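Peer 1: Protein chains in written order, with our numbering: chain A, 1 to 149; chain B, 1 to 69; chain C, 1 to 49.
Mind looking over this structure? Questions follow.
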Ligand SMILES: CCCCCCCCCCCCC/C=C/[C@@H](O)[C@H](CO)NC(=O)CCCCCCCCCCCCCCCCCCCCCCC
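Written out as structure tokens, the structure reads:
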């Protein structure tokens, strides 16, 4: 409605403005690299390390950006009470540079991980399924504000 | 002019008042300790969580050093 | 394909019949002609042989 839009415009949303700041694009890569080295430090075979890296990163990103609705602090009357953090990025404007960069990352991650478990069809299928079903679908332009049961 | 404010001496002046290379070893150790401590959120945690983070980091470092050799 | 997109804003809802009716009732037009300056110009009609 009107009041709702005026409330959503009256303040910059501190819950979703930190993305466009100095060093988030880099921190994503950094945490990916750190997870890789941690799983390497475990000691198992490379395919297990890489599939664990992919699952851990994808599931963490989904649980943080796509699971919880609202803001962790008072913002307005309600304003953003029925939106996840991914739906608040750049005040509901799709396909901005930040969204493009966050979309590209899982695909390139799968491409790099691909050449280690290519010989096993089970791991390859599971990795592709999880990636394309959790890291590319909720971030699409037609899943926006799509509530189901 | 004089007021009722009690002053606190600087740490350099305190060391001057209280007077080999054991001091240098102690100060390099404390430099390392502070450099490790303040860059991780240990002031913002409780005791159990801080202890578990400590043992986690110690285990990571020990395993990495063992693997390096 | 993903990198090619243009960055649009989500489409808005269309207006409602009650909203349309209220907007139409808010609009007010002008008269067909301007009766403000008719009297200080109407000497021409009165002075025509
Ligand atoms: C809900 C109960 C679920 C019970 C299950 C337990 C889950 C608990 C852990 C997850 C909870 C997350 C809930 C939502 C958290 C955020 O959204 C909150 C609330 O919006 N944002 C804010 O406070 C505003 C932003 C605050 C700073 C965010 C940036 C901090 C640094 C993150 C940089 C990006 C990190 C890389 C992307 C995610 C990678 C995940 C790494 C996974 C490996 C480590 C985790 C296992």
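Each residue gets a CB set at the ideal place from its N, CA and C atoms; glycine is no exception.
Quick one: list the residues of chain A neighbouring residue 63 of chain B, beta-carbon separation under 9 Å, in chain order.
Peer 2: Within chain A, the residues near residue 63 of chain B are 41, 42, 43.
Peer 1: Whose C-beta lies closer than 8 Å to the C-beta of residue 113 of chain A among residues of the same chain, with five residues either side of it excluded?
Peer 2: So the qualifying residues of the chain are 50, 51, 53, 54, 127.
Peer 1: Can you check whether the C-beta of residue 60 of chain B is within less than 8 Å of a C-beta belonging to chain E?
Peer 2: Of the protein chains in this structure, namely A, B and C, none is chain E.
Peer 1: Would you decide whether residue 139 of chain A is buried or exposed? Buried here means 16 or more other CB atoms lie within 10 Å of its CB.
Peer 2: Under this definition residue 139 of chain A is a buried residue.
Peer 1: If you follow the alpha helix (DSSP H) that residue 97 of chain A is part of, which residue opens it and which one closes it?
Peer 2: That run of the alpha helix (DSSP H) goes 97–114.
Peer 1: Please confirm if the stretch 115–129 of chain A is in contact with the stretch 19–26 of chain C, defined as three or more CB-CB distances below 8 Å between the two stretches.
Peer 2: No, the stretch 115–129 of chain A does not touch the stretch 19–26 of chain C.
Peer 1: Residue 144 of chain A and residue 94 of chain A: beta carbons closer than 8 Å?
Peer 2: A contact, by the Cβ cut-off of 8 Å.
Peer 1: What I want to know is whether the C-beta of residue 107 of chain A ends up closer than 7 Å to one or more non-hydrogen atoms of ligand 1.
Peer 2: Flag unset: Cβ of residue 107 of chain A not near ligand 1.
Peer 1: Anything in the stretch 86–99 of chain A with a Cβ closer than 8 Å to a Cβ of chain C? List those residues in chain order, please.
Peer 2: Of all residues in the stretch 86–99 of chain A, 92, 93, 94, 95, 96 have a Cβ within less than 8 Å of some Cβ in chain C.
Peer 1: Any residues whose CB sits closer than 7 Å to a heavy atom of ligand 1? List them in chain order?
Peer 2: The filter returns A:15, A:18, A:24, A:27, A:28, A:31, A:35, A:56, A:57, A:60, A:61, A:63, A:64, A:65, A:67, A:68, A:71, A:72, A:85, in chain order.
Peer 1: Do you know whose CA, among A:78, A:124, A:137, lies nearest residue 5 of chain A's CA?
Peer 2: The shortest C-alpha separation from residue 5 of chain A is found at A:78.
Peer 1: Less than 8 Å between the beta carbons of residue 134 of chain A and residue 62 of chain A, yes or no?
Peer 2: Yes. Within cutoff.
Peer 1: Comparing alpha-carbon positions, which option in A:30, A:43, A:75 lies nearest residue 7 of chain A?
Peer 2: Of the listed residues, the one whose Cα sits closest to residue 7 of chain A is A:75.
Peer 1: Note down the Cα distance separating residue 36 of chain A from residue 58 of chain A, rounded to an integer number of angstroms.
Peer 2: One C-alpha to the other measures close to 13 Å.
Peer 1: Just how far apart, CA to CA, sit residue 1 of chain C and residue 3 of chain A?
Peer 2: Taking the straight line from one Cα to the other gives about 37 Å.
Peer 1: Could you give the residue range of the alpha helix (DSSP H) that holds residue 17 of chain B?
Peer 2: Run containing residue 17 of chain B: 11–18, per the alpha helix (DSSP H) assignment.
Peer 1: Is it the case that the Cβ atoms of residue 88 of chain A and residue 24 of chain A are separated by a distance below 8 Å?
Peer 2: The answer is no: Cβ separation not under 8 Å.
Peer 1: Rounded to whole angstroms, what's the CA-CA distance from residue 37 of chain B to residue 50 of chain B? Just pull it up for me.
Peer 2: Answer to the nearest angstrom: the Cα atoms are 11 Å apart.
Peer 1: Indicate the three-state DSSP secondary structure (helix, strand or coil) for residue 47 of chain C in the structure shown.
Peer 2: Coil at residue 47 of chain C, not helix or strand.
Peer 1: Determine the burial state of residue 8 of chain C: buried for a count of at least 16 other Cβ atoms within 10 Å of its Cβ, exposed for fewer.
Peer 2: Exposed, by the Cβ-count rule.
Peer 1: Suppose contacts are defined by Cβ-Cβ distances below 8 Å. Is residue 67 of chain B in contact with residue 41 of chain A by that definition?
Peer 2: Yes. Within cutoff.
Peer 1: What is the rounded straight-line gap between the Cα of residue 1 of chain B and the Cα of residue 9 of chain B?
Peer 2: Cα-Cα distance, rounded: 20 Å.
Peer 1: Mapping the DSSP letters down to three states, classify residue 6 of chain C as helix, strand or coil.
Peer 2: Here residue 6 of chain C sits in coil by DSSP.
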